[PDB]
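Number of protein chains: 6
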Amino acid sequence: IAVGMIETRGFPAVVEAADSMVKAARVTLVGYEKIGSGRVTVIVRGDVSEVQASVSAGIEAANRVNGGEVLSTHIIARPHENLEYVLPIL
Amino acid sequence: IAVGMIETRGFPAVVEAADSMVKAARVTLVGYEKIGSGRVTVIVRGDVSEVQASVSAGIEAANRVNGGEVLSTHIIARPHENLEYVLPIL
Amino acid sequence: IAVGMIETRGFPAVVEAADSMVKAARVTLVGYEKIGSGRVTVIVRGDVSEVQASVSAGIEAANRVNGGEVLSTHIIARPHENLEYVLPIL
Amino acid sequence: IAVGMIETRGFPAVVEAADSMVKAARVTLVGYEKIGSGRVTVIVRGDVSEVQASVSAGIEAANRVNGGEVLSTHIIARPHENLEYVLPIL
Amino acid sequence: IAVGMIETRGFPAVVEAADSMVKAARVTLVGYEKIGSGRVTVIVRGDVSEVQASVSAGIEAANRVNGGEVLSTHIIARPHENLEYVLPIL
Amino acid sequence: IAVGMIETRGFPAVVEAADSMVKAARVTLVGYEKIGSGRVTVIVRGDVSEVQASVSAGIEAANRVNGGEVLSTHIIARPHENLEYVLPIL
Numbered sequence: 069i070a071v072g073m074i075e076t077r078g079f080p081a082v083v084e085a086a087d088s089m090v091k092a093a094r095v096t097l098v099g100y101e102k103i104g105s106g107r108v109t110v111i112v113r114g115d116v117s118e119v120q121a122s123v124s125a126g127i128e129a130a131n132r133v134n135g136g137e138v139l140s141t142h143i144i145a146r147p148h149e150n151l152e153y154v155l156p157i158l
Numbered sequence: 069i070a071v072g073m074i075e076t077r078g079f080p081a082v083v084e085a086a087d088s089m090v091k092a093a094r095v096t097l098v099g100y101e102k103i104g105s106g107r108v109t110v111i112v113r114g115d116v117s118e119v120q121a122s123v124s125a126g127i128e129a130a131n132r133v134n135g136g137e138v139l140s141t142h143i144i145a146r147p148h149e150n151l152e153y154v155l156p157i158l
Numbered sequence: 069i070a071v072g073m074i075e076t077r078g079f080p081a082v083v084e085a086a087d088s089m090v091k092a093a094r095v096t097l098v099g100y101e102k103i104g105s106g107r108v109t110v111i112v113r114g115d116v117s118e119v120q121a122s123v124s125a126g127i128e129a130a131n132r133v134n135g136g137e138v139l140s141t142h143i144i145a146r147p148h149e150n151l152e153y154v155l156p157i158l
Numbered sequence: 069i070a071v072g073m074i075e076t077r078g079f080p081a082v083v084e085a086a087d088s089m090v091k092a093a094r095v096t097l098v099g100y101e102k103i104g105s106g107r108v109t110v111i112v113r114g115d116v117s118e119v120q121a122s123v124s125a126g127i128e129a130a131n132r133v134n135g136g137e138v139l140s141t142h143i144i145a146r147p148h149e150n151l152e153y154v155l156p157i158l
Numbered sequence: 069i070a071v072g073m074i075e076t077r078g079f080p081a082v083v084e085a086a087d088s089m090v091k092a093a094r095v096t097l098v099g100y101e102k103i104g105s106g107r108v109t110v111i112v113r114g115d116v117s118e119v120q121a122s123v124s125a126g127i128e129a130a131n132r133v134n135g136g137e138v139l140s141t142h143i144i145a146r147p148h149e150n151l152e153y154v155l156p157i158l
Numbered sequence: 069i070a071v072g073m074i075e076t077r078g079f080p081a082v083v084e085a086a087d088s089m090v091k092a093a094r095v096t097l098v099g100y101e102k103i104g105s106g107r108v109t110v111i112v113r114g115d116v117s118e119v120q121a122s123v124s125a126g127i128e129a130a131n132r133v134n135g136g137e138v139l140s141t142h143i144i145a146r147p148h149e150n151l152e153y154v155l156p157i158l
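Residue numbers (my numbering), protein chains in the order written: chain A, 69 to 158; chain B, 69 to 158; chain C, 69 to 158; chain D, 69 to 158; chain E, 69 to 158; chain F, 69 to 158.
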């Protein structure tokens, strides 16, 4: 199933992105990843058109957070199931 | 229920924010998150108007801490319960 | 067996690299390593010519990720089995 | 009970602060927190006037450490007990 | 027994150093240490002249890795056994 | 008992400091602490005059490590036993 992710610098902005993503389309929040250097990603799963709508809303909400910084965003439509048991996206 | 969060650079300032937030309104401190790079967030839950009063007081106290730096602050009024079992806000 | 790895700055770009690598050749994703400072590597195993095709595709996909940054890439054709029980490449 | 904390950049300077704090007043060292980026805090508890005397001595000792850097210092006199079970200050 | 170590910035370059070290002399890879800030070290043990040959080959291979950076290298010929149970070199 | 500590930037240089300290006086290596940002400390215990001799030798050896950087050094002669059960110096 399709995967969407928004990476911010800072925790409060990632939470806003995570809230705005789930409220914007039929997606479920499945993942929260921390890789250091203040870089934090939230991950959603769903239909690709729904994930597109969630990520769109997630980005513009996280941008408006006080001291919020979006670092990177990305969507994959049909990720290989090999990723699912190696990377924390589910 | 509503969520409020203040992210500082440095530990002592996050503790002051956490103390000033709980003392400023009917909220309960539920979370302390560390994402690296000296970035640390404390999280409170309560009624949105109470969370607004706590966050307001939390910010101006943390700012007055010696070597204190507030990085980002944010309030969500009715976060989706999907966040609660993925992100450490409860 | 041959090992290929792509290191990015940021999580979403590493996931794209990991997806693009597995979809580009007969390789299996075996590893995801985090060393701090936003530096994250995904690792694939397979035949050397297949790993070359995967890494090639992995790099140009990760480069096109919004806010994606490839830091370092490398392929070893017949790594010593001593590495396999010390480093997380399998 | 009152809480005092000194955050340094570097480990040896935090240990000197921790030693100088306990030797300067009736306080007990209860906490050592690491938040990344070389930022490290030691925490003492006691009477507020005692904590003031400890923190005063802690700061000027840590400053004289070779390559020592104090980042932030702070004292709370009667922190809310809500903090005690969320933050590592006891 | 003698210890050799190469520290790189980045994971793929440390793996190349680790592979090139074991393939260059009678040494065994025993250690992989992560200290943050992208700084990563691989450690080999063996005869000092063998460790010298491995480290020599490890360095020039890691240097040729795409985006590879060697930060620090060092050899000790007869380290004290006190180190062995405190530091992860065995 | 007296405590001595040398903090370096990088792992190989901390190991050299740890080896040079134990070989320079009647001290025992007891601790290895990692606080992020490449900052790493080794800690020795012993008589204060012995710790002085070890730290002296530890510093000039770590300085001569290829890419070695000493960040901070410090000695306490009679640290309070309160530190021993809060900080990893024993």
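Note that beta-carbon positions come from the ideal geometry of N, C-alpha and C, so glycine has one too.
Cβ neighbour criterion (16 or more within 10 Å) applied to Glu101 (chain A): buried
Which of helix, strand or coil DSSP assigns to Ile127 (chain B): helix
Cβ distance (whole Å) where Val133 (chain C) is taken to contact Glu75 (chain C) below 8 Å: Their Cβ separation, rounded to whole angstroms, is 14 Å, which puts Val133 (chain C) and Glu75 (chain C) out of contact at 8 Å.
Contact list for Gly114 (chain A) against chain B, beta-carbon separation under 8 Å: The contacting residues do not exist; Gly114 (chain A) stays about 12 Å from chain B at best.
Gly104 (chain D) versus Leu139 (chain D) - alpha carbon distance: 13 Å
Contact the stretch 86-99 of chain A vs the stretch 114-127 of chain A: 3+ CB pairs below 8 Å: yes
Inter-residue spacing [alpha-carbon to alpha-carbon] between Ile144 (chain F) and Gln120 (chain A): 59 Å
Alpha carbon of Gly72 (chain A) to alpha carbon of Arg107 (chain F), nearest angstrom: 35 Å
Any chain F beta carbon closer than 8 Å to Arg132 (chain E): no
Option nearest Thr141 (chain C) by Cα separation, candidates E:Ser117, E:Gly135, E:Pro156 and E:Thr141: E:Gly135
Residues near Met89 (chain C) in its chain [Cβ-Cβ closer than 8 Å; skip 5 each side]: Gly72, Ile74, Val95, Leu97, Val110, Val112, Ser122, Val123, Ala125 and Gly126
C-beta atoms of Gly99 (chain B) and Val154 (chain D) nearer than 8 Å: Closer than 8 Å, so yes.
Proximal residues of chain D, C-beta to C-beta of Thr96 (chain B) below 7 Å: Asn150
Cβ-Cβ distance between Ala86 (chain E) and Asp115 (chain E) below 8 Å: no
Residue nearest to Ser117 (chain E) in terms of C-alpha spacing, selected from E:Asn150, E:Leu151 and E:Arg146: Minimum Cα distance to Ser117 (chain E) is reached at E:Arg146.
Any chain F beta carbon closer than 8 Å to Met73 (chain E): yes
Extent of the continuous alpha helix (DSSP H) run through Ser88 (chain C): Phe79 to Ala92
Euclidean distance between Cα positions of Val82 (chain B) and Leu151 (chain D): Taking the straight line from one Cα to the other gives about 11 Å.
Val83 (chain A): contacting residues in chain B (beta-carbon distance under 8 Å): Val71, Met73, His142, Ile144, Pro147, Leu151, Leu155 and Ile157
C-alpha distance - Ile157 (chain E) paired with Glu149 (chain B), whole-angstrom precision: 46 Å
CB contact below 8 Å: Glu101 (chain C) versus chain E: yes
Min CB distance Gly126 (chain E) to chain C below 8 Å: no
Which of helix, strand or coil DSSP assigns to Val119 (chain B): helix
Limits of the alpha helix (DSSP H) - the one that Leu151 (chain A) falls within: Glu149 to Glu152
Where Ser105 (chain C) falls: helix, strand or coil (DSSP): Collapsing the DSSP output to three states places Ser105 (chain C) in coil.
Residue interval of the beta strand (DSSP E) (run including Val138 (chain A)): Taken as a continuous stretch (DSSP letters only), the beta strand (DSSP E) holding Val138 (chain A) covers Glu137 to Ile144.
Where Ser122 (chain A) meets chain B, residues with beta-carbon distance less than 8 Å: Neighbours of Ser122 (chain A) on chain B: none; closest Cβ ~11 Å, over 8 Å.
Rounded separation between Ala130 (chain D) and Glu137 (chain D) - CA only: 7 Å
Euclidean distance between Cα positions of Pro80 (chain F) and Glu128 (chain F): 14 Å
Min CB distance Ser117 (chain B) to chain D below 8 Å: No, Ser117 (chain B) lies away from the interface with chain D (no Cβ there is under 8 Å from its Cβ).
Cutoff 8 Å: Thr76 (chain F) Cβ touching any chain D Cβ: no
Test: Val138 (chain E) CB closer than 8 Å to a CB of chain C: no
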